[PDB]
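Asks: Here it is, the structure in full.
Each answer follows from the model by the rule given with it, or from the source it names; none is laboratory data. FYI the Cβ positions are ideal-geometry reconstructions off the backbone, even for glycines, and counts take in every protein chain you see.
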2 protein chains.
Amino acid sequence: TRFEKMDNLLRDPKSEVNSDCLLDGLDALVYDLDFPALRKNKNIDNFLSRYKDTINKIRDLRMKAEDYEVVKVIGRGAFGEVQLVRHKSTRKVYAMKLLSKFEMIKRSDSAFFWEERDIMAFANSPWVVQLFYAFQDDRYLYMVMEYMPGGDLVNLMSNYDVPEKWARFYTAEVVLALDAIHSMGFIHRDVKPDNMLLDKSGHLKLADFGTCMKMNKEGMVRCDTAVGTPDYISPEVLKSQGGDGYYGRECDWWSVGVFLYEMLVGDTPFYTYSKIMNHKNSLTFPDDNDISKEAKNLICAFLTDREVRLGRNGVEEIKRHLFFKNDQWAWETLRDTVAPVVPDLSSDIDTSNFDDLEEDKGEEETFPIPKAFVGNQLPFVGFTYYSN
Amino acid sequence: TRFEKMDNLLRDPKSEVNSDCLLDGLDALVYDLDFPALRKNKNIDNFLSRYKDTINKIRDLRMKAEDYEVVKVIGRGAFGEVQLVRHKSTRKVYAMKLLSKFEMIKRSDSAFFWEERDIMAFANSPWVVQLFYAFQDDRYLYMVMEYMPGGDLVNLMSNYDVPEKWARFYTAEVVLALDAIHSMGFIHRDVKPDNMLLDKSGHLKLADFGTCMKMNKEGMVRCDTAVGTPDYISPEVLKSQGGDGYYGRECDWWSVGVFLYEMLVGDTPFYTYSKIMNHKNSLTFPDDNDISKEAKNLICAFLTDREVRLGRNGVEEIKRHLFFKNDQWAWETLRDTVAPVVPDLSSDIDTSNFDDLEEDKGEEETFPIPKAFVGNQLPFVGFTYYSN
Ligand SMILES: COc1cc(C(=O)N[C@H](CO)c2ccccc2)ccc1-c1cn[nH]c1
Ligand SMILES: COc1cc(C(=O)N[C@H](CO)c2ccccc2)ccc1-c1cn[nH]c1
C-alpha cells in the first residue's frame, strides 16, 4: 500500500521529512510562537499549552550543545567558529562547528550550509571530513565532525620548505578527494589549502563546503554570480559571471593548478582582479627555479582556458600525468602509504597544529522579541541529522 | 542511550509526537502559511519553497477524503455529520464522521474531539465503536469507525413495544459498555439512547464521546460547568455546577436509571429544569403499570442522591441486582447470546435502521484568506491516527 512508500520517507536519513527533521518543524513552532505578544491568539496559545510540556521533554532527550564540553576554539570566521569538544557521555573528542542563526539571518542568505551538511554526512569517503551529528538550538546550527588533528595545508606550507616529493603526494590526495565531491554531483566553486585538513596519520581530507552546488543532468552548475576567492577563480566562471553563463567541473581543477603552483613557487600565479583573463601571457615561473619540467607541465595543464584544460575528459587524464609517476605509492594504495608529515601528537585534545584563537570571550548577540509572527527558525527546519 | 527512549515516543500510537502527529505539524504550517499576504516574509517563503513539493507528495500518499466513496448521510448535527462510506481500494464499508473545522473554530472550543478520538481508538472493547483511522484536510476532521448497521436505541424504542426481557438485556450491555469507559479513566457526563448503537448481530456498542473527561487520581472529574442534557443530569453535577464542585462515577450510573425508566415507562422521569433536585418526591411510576417490582427497584437504586446511589461501591453491586437474574444469559457470556432485535439486512450498505437525512446538498462555508498569521489548523495538530 501507500503506507509502505510513505514509510521510506520517514526512515531515509537523506529525507527532509524523516522523523528527526519532522521533529525540528514542531520544535521550530514552539521557539517561534512562545511570545507574550503572539500568545494573545487563541490558536497559538491552545497549541503551545498542548505541546510545550512534550517539546521540552524532547529537547532534553535530543542532542543539545550541553552534551559536549568545549576544550578550545580551533577555527573561526564567516558567521560561526569551530571548537575542539568532548562528548560528556562517550568521552569521544570531536570538532564542532557552531554557526550563528542571528548573523546568518541578519546578513540575509540562510541556505549555504545545506551542501556543507549533505556532503559531510553522506560522502562516505576517506577524502571528506565526516559529519556525525547535525543538531540545533534557538541560537545556532551545530556540526559535529571528526577532528583533524594534523591541522590545515595553510600552516603546513608556511612551516616547511615543501619539496616536490610532498607536492606530488598532497596534489594526488587533493585530486582523489576532489573527485569524490564530483562523484557526489557537486562542484566546489572554491578549492583552497584552508579546506585541506590532515588526519591523525597526516593524510588529507576536504572540509568547509559552503561554496558548493549540485550540477544539472547536462553536467554544469548554471550560475550568473561570482562566488569564490579572487585568486582561485577560473576565466570560465569570471567572464560569464554576470552576463549569461553556466560553469562546470573544469573550473574546479583550475584550483588544483593554483594549489600545486603555490606549493612550489611560494606565491599565487595571478595577483585589481585580472591577469587570470590573460592566463597565457601572465603565467610565469620565477627564473630560474628548481621546479621540475613535469611539475610545470601539470601546472600549465590545469591553468589554461576551459576548452582544452586537463580534467575535461575525466579524472584518469590527471591520474595518468607523469608528475604523479613515483616509485613509493600508487593511486589505489595512496592513502595506505606513510604521509610526508605525520603529526607527533601528545593528547587526544592537542591543538598544536592549529593557530591559537582565544576562547571566544564576548557578548552573544540575539534576535529581538517580535510582535508579529516572524518564523526565524523556519529555514533551519530539517537540519538535524543523527548517524543513529 | 536517550535515543532508545525518544524512539518509543516516535512509535507509540498513543503519543502526540508520533511520526503521524509530527507530519500533521508540518502539514499545518503549509496550510497556514501559503497565502500571498504572508509569503512576503522571507523566512515564510524560503520554507514554503523548500517544503511545498514534499508535503504535496505526502498529501497524496496519506489518507485523504478522496480515498472513500460517500454512500449516504446516516447521521448529522453539532458541527459535523456521519456518512456511510466505502474504501475505494479495499472495498470495506465504514461509517465516517466529517467534522467542520470552520464551525468548530468560529463557535470557539476545538478540544472536545480529543476524548472522542482516544476512546474509540484505544478502547479495545466489544462495547465501544472502533475508530480505525483518524485523518484531516484543510476543512474537516475525519473519523472512520466500524459501521453499526443495527441503528440506534432511539429508533428501537420508538418502533417496538419493548418488553422487560429486552430492557434486561439492553441495560445489561449498557452497564458493561459504560464500565469499559470507566476502566479507561473516563466519565461520559451524558449517556443517552442516541449514543447506543447496534452491531450486525443486534448487540450494543457505545459511540459519540464529545462529553467526556479524564478523572483525577482521587476518582473525580472536578468541574464547575453544566455540560449535558437537561433530563439525564444528576442532582450531584447540577447543584455544584457553578458554585464549587467535583463530579464523579456515580452521576454516570444515574443516566442508566433514566434509560431503563424510559424503556419501560415510555417517557422521562423528570420533565424549567428541576424536579431532579426533589428526585425523591417527584419520582413516580404510572399507576398502575405492568412494570415488575425488580425493574422499579433498580430504577430507584440508580435515581437517588449520590451518597447512597448504586454504583458507588463498584460495578459488581449493579451486576448482582435481581433485575438481571435470568435463565437465558450470564454477564461473562452476555455478548454471545442472541440479541432481542437482530437486523435482517439486505446489502453491506443497507441503512434501513437509520433515519433518512438527505445527501447534504449545500454550500461548504470556509475560513477567510488572512493578512496576519492565524494558525487555524494549529489545534488539529496530532489528530491523525492510523491503526497501521
Ligand atoms: C578548524 O577546523 C575546521 C574548520 C572548518 C571550517 O569550515 N572552518 C572555516 C574557517 O576556517 C569556517 C567557516 C564558517 C564558519 C566557521 C568556520 C571545518 C572543519 C574543521 C575541522 C577540524 N577538525 N575537524 C574538522
Ligand atoms: C449515525 O451513526 C453514528 C453517529 C455518531 C455520532 O456521534 N452522531 C452524532 C449525532 O447523532 C454527531 C455528533 C457530532 C457531529 C456529527 C454527528 C457516531 C457514530 C455513528 C456510527 C454508526 N455506525 N458506526 C458508527
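Asks: Select from the range A:154-198 the residues that are in a helix (DSSP H, G or I) and among the acidic types (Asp, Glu) and write down the one among them that is nearest to ligand 2 (Cβ to nearest atom).
Replies: By that ranking, first place goes to A:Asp179.
Asks: Kindly indicate whether B:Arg312 is within 22 Å of B:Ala180 (Cβ to Cβ), of a type in the set (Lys, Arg) and touching a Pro at 6+ places or on another chain (Cβ under 9 Å).
Replies: Judged against the criteria, B:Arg312 is not a match.
Asks: Quick one: count up the residues across the range A:154-209 that are of a type in the set (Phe, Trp, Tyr) and farther than 20 Å from A:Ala301 by Cβ.
Replies: Going through the range A:154-209 one residue at a time, the tally reaches 3.
Yes/no matrix, rows are residues, columns are (1) farther than 30 Å from B:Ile55 by Cα; (2) polar (S, T, N, Q):
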{"position": "A:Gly311", "(1), (2)": "yes, no"}
{"position": "A:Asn326", "(1), (2)": "yes, yes"}
{"position": "A:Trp331", "(1), (2)": "yes, no"}
{"position": "A:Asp336", "(1), (2)": "yes, no"}
{"position": "A:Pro340", "(1), (2)": "yes, no"}
{"position": "A:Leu345", "(1), (2)": "yes, no"}
{"position": "A:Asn353", "(1), (2)": "yes, yes"}
{"position": "A:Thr366", "(1), (2)": "yes, yes"}
{"position": "A:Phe380", "(1), (2)": "no, no"}
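Asks: Conditions first: (1) exposed (fewer than 13 other Cβ atoms within 10 Å of the Cβ); (2) more than 9 Å from chain B (Cβ to nearest Cβ); (3) in contact with a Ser or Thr (Cβ under 8 Å, 6 or more places away or on another chain). A:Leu84 passes all but one, so which condition is the exception?
Replies: (1)
Asks: In the range A:67-81, which residues are away from chain B (no Cβ under 12 Å) and away from ligand 1 (no atom under 16 Å from the Cβ)?
Replies: A:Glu69
Yes/no per residue for (1) assigned by CATH to the domain that holds B:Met96; (2) within 35 Å of the chain's Cα centre (by Cα); (3) of a type outside the set (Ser, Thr, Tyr); (4) surrounded by 19 or more Cβ atoms within 10 Å (Cβ to Cβ):
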position	(1), (2), (3), (4)
B:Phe3	yes, no, yes, no
B:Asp20	yes, yes, yes, yes
B:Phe35	yes, no, yes, no
B:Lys42	yes, no, yes, no
B:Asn56	yes, yes, yes, no
B:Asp67	yes, yes, yes, no
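Asks: Please go through the range A:1-10 and give me each residue that is over 16 Å from B:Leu22 (Cβ atoms) and either facing another protein chain (nearest Cβ under 9 Å) or hydroxyl-bearing (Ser, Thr, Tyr) (or both), ordered by number.
Replies: Correct list: A:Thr1, A:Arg2, A:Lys5.
Asks: Name the single residue that is nearest to ligand 1 (Cβ to nearest atom) among those in the range B:82-112 being of a type in the set (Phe, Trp, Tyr) and within 19 Å of B:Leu131 (Cα to Cα).
Replies: Ranking the qualifying residues of the range B:82-112, first place goes to B:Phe112.
Asks: Being out of contact with any helix residue (DSSP H, G or I) (no Cβ under 8 Å at 6 or more places or on another chain) and crowded, with 21+ Cβ neighbours inside 10 Å is the requirement here; does B:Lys101 meet it?
Replies: Against the criterion (out of contact with any helix residue (DSSP H, G or I) (no Cβ under 8 Å at 6 or more places or on another chain) and crowded, with 21+ Cβ neighbours inside 10 Å), B:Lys101 qualifies.
Asks: Restricted to the range A:360-388, and to residues that are more than 7 Å from every other protein chain (Cβ to nearest Cβ) and of a type in the set (A, V, I, L, M, F, W, C), which residue is farthest from the chain's Cα centre (by Cα)?
Replies: Only one residue fits best here, namely A:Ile369.
Asks: Next question, about the same structure. Of everything in the range A:226-285, what is part of a helix (DSSP H, G or I) and β-branched (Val, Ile, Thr)? Give them in sequence order.
Replies: A:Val237, A:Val256, A:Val258, A:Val265
Asks: Out of A:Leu48, A:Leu61, I need the residue that is more than 16 Å from ligand 1 (Cβ to nearest atom), surrounded by fewer than 17 Cβ atoms within 10 Å (Cβ to Cβ), of a type in the set (A, V, I, L, M) and more than 15 Å from the chain's Cα centre (by Cα). Which one?
Replies: Of the residues listed, the single one that is more than 16 Å from ligand 1 (Cβ to nearest atom), surrounded by fewer than 17 Cβ atoms within 10 Å (Cβ to Cβ), of a type in the set (A, V, I, L, M) and more than 15 Å from the chain's Cα centre (by Cα) is A:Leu61.
Asks: Considering (1) farther than 27 Å from A:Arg335 by Cβ; (2) buried (at least 22 other Cβ atoms within 10 Å of the Cβ); (3) touching a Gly at 6+ places or on another chain (Cβ under 6 Å), say which one A:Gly150 fails and leave the rest.
Replies: Tallying (1) farther than 27 Å from A:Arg335 by Cβ; (2) buried (at least 22 other Cβ atoms within 10 Å of the Cβ); (3) touching a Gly at 6+ places or on another chain (Cβ under 6 Å), A:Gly150 fails exactly one: (1).
Asks: Looking only at the range B:291-310, which residues are within 21 Å of B:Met220 (Cα to Cα) and in contact with a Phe, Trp or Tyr (Cβ under 8 Å, 6 or more places away or on another chain)?
Replies: Correct list: B:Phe302, B:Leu303, B:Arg309, B:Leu310.
Quick grid of which residues meet (1) out of contact with any helix residue (DSSP H, G or I) (no Cβ under 7 Å at 6 or more places or on another chain); (2) outside the structural domain of A:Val71 (by CATH); (3) surrounded by fewer than 12 Cβ atoms within 10 Å (Cβ to Cβ):
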site	(1), (2), (3)
A:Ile299	no, yes, no
A:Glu307	yes, yes, yes
A:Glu316	yes, yes, yes
A:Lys325	yes, yes, yes
A:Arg335	yes, yes, no
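Asks: Please indicate, with yes or no, whether at least one residue in the range B:110-122 is touching a strand residue (DSSP E or B) at 6+ places or on another chain (Cβ under 6 Å) and more than 13 Å from ligand 2 (Cβ to nearest atom).
Replies: Yes.
Asks: Still on this structure: Among the numbered conditions (1) within 14 Å of chain A (Cβ to nearest Cβ); (2) within 12 Å of ligand 2 (Cβ to nearest atom); (3) not basic (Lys, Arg), tell me where B:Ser100 comes up short.
Replies: B:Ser100 satisfies all of (1) within 14 Å of chain A (Cβ to nearest Cβ); (2) within 12 Å of ligand 2 (Cβ to nearest atom); (3) not basic (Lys, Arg) except (1).
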